[PDB]
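>>> this one's a deposited entry, sequence included:
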Amino acid sequence: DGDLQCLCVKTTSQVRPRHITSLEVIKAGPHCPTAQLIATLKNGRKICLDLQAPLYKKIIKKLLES
Amino acid sequence: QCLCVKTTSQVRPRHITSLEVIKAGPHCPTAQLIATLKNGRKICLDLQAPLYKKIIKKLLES
Amino acid sequence: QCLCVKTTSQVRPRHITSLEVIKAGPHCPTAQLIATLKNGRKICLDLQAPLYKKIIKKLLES
Amino acid sequence: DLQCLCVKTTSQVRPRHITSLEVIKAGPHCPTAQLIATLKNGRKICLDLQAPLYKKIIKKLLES
């Protein structure tokens, strides 16, 4: 067992893409058995998203085409 | 005044451990793609190159 | 090929939430200082000792 | 939504094996700061903020 655990202890499906200033996609590894989608909000609040194509492939658009 | 001035596509997807997508803002006209390699090394990816497209898919666990 | 081409000192240590110190390597002749502000923005910092020292002491103390 | 990345720290590490160090400020995610070092192979470990070791690794990292 390593020093690290998943940063995401829970997730949220309640988010309007416009509120997000940053999205980090972290691949699974020794630190976490699952992938993680960490979104940062305008205000500096960070949340984790569930891995469904909707939200993310959508949020990525709002950020990638801005 | 972006952090990602000089980009690259000279990256082996299998070496990317994470990808941060940053929205264009007051200090950068365009969105930025910052990838981290296992080495810990951080590089910027080309928003116009097709690489990051399949890169993000690999991290999602193929 | 460094990620940090142009660096800056125009930052408020009070708004930095994380600092990534990257060792100089085969792809970058010098160390690289990457700070993350609360709003998510990322910037490269000048290597000026007094700067990162003031920044690390603050992050490592809240 | 977030918690501490570090659940424990290691002390048996060669300062010259560290290619990267991440200094994370305490906040809602973790009530304590954290020191995450990546190693030459890509392995990540956390460092004790009490021990003087990390201060050594930092200065050794910045001076190239």
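Good, I have the coordinates. Numbering: from 1, shown residues only, chains lettered A, B, ... in the order given.
>>> near chain C, which residues of chain A are found?
For chain A, the residues in contact with chain C (CB under 8 Å from any CB of the partner chain) are A:21, A:22, A:40, A:42, A:43, A:44. C-betas here are computed from N, CA, C, even on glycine.
>>> quick one: the fourth one and residue A:19 touch, right?
Yes - under the contact definition of CB atoms under 8 Å, residue A:42 touches residue A:19, with a separation of 5.8 Å.
>>> can you give me the strands for chain A?
A:20-26, A:36-41, A:46-48 (DSSP state E).
>>> would you format the ones you listed as JSON lines with mean neighbour count and distance to residue A:65 included?
Below are the strands of chain A laid out as JSON lines (neighbours: other CB atoms under 10 Å in any protein chain shown; distance: least, CB to CB, whole Å):
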{"stretch": "strand A:20-26", "mean neighbour count": "22", "distance to residue A:65": "13"}
{"stretch": "strand A:36-41", "mean neighbour count": "21", "distance to residue A:65": "17"}
{"stretch": "strand A:46-48", "mean neighbour count": "20", "distance to residue A:65": "22"}
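>>> nearest to chain B, out of these?
With CB to the nearest CB as the criterion, chain B lies closest to strand A:20-26 of these, at 4.5 Å.
>>> neighbouring contacts of the closest one?
Strand A:20-26 is contacted from outside by A:7, A:32, A:35-42, A:56, A:59-60, A:62-63, B:17-23, B:25, B:56, B:59-60, C:39-41, using CB atoms under 8 Å, 6 or more residues apart in numbering or on different chains.
>>> chain A against chain B: which residues are in contact?
Taking CB under 8 Å from any CB as the contact definition, chain A meets chain B at A:20-29, A:35, A:51, A:60, A:62-66.
>>> what about stretch A:54-66 and chain D, touching?
No - using CB under 8 Å from any CB, stretch A:54-66 stays clear of chain D, with a minimum separation of 14.0 Å.
>>> all helices for chain A, in order.
Ranges of helices in chain A, per DSSP state H, are A:53-64.
>>> residue A:44: what's it in contact with?
Applying CB under 8 Å, 6+ apart to residue A:44 gives the contacts C:17, C:38, C:39, C:40.
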